[PDB]
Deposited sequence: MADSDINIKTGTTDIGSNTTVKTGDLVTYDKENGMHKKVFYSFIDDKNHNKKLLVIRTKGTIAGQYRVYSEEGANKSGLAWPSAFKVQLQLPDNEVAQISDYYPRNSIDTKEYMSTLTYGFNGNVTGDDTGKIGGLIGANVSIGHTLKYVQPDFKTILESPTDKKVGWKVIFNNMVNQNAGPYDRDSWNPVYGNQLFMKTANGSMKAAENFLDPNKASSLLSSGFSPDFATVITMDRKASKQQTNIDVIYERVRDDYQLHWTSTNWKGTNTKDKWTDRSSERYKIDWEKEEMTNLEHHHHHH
């Protein structure tokens, strides 16, 4: 913060009138509500002109049973990753200056235990017999404790021309069991990730986990909220800039099959990928952004 280096708070920041806007596009085939909120910041005391692009909207999860192959085997398509990406063409003079959020250093809680004890006893009965025991004990414990989200938010390695985030599936609770991930494997039941019952009396399709009891991101979807800061030199001859904005969904294939005794599930990674791209024009003189 500002006070940590003996300077009055808010002093070293960029603060000037700002020009803002909203641009909304809906991709029907890809089921993506894409909204770009932009702010043009022109601080004369700052050596660069700034454009802040906040990418919002919603990418639908589209957790859906897609095929029913008889009554033994059925297939479920589900979203394992949501991605948002911004890219400047290389010929551009404008640069990607900053981004939010970034990758945070995860933490874990470790705990070590040492217990030792002693115990004595006296025993007896009606035949006048009497016994005794003296025992001792030591025990060492190690406990690891940590928090994990259903989905991880990760900032991809940026350049000065391209940036992006991926919100990826980590693990999930299945009816107070698990947690399971894309790589969970059981010899009897295989991958129990979206498995409703271990054994029942129905067609395969019914045995998929009800999306209401799973992560709501899987079905109803994920709403990005990422910020990109682009800087522009005022003396450039060309005060126009193209920028590409991409929303993307990666879908995995979770299959259920019947092994004559119980259910077994199998998951194939990155089976499908829906990519929705749109190009925007940035006018640094007019301070407006269009598509």
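Problem set entry | Deposited sequence positions missing from the model - stretches, numbered from 1, in order | According to the record, the gaps fall at 1, 17-18, 295-302.
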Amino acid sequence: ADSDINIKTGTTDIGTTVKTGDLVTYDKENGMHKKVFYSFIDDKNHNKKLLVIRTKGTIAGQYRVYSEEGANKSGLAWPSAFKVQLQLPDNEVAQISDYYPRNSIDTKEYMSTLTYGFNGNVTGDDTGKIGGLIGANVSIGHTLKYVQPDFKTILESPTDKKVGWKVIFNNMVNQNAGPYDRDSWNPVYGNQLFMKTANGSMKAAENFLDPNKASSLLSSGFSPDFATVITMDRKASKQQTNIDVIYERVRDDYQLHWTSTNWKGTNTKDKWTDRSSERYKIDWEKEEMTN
From here on, numbers count along this sequence of modelled residues.
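Problem set entry | Selected stretch [higher average CA B-factor]: 91-99 or 168-176 | That would be 168-176.
Problem set entry | 196-204 versus 107-115 - which carries the larger mean C-alpha B factor in the record | The stretch with the larger mean CA B-factor is 196-204.
Exercise. Can you tell me which of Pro158, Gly221, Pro149, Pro187 has the highest Cα temperature factor in the record?
Worked result: Out of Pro158, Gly221, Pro149, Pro187, the record gives the largest C-alpha B-factor to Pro187.
For this session: Have a look at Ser80, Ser139, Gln85, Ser216 and flag the one whose Cα has the highest B-factor in the entry.
Result: Within the set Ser80, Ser139, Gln85, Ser216, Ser139 shows the top C-alpha B-factor.
For this session: Going by the recorded CA B-factors, say which third of the chain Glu285 sits in, lowest, middle or highest.
Result: Middle third - that is where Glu285 ends up once the chain's C-alpha B-factors are sorted.
Exercise. Lowest, middle or highest third of the chain for the C-alpha temperature factor of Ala236?
Worked result: CA B-factor rank for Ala236: middle third.
Exercise. Sorting the chain's CA B-factors, does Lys73 end up in the lowest, middle or highest third?
Worked result: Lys73: CA B-factor falls in the highest third of its chain.
For this session: Using the B-factors in the PDB entry, rank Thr20's C-alpha atom against the chain and give the third, lowest, middle or highest.
Result: It falls in the bottom third of the chain.
For this session: Quick one: classify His46 as lowest, middle or highest third of the chain based on its Cα B-factor.
Result: It falls in the bottom third of the chain.
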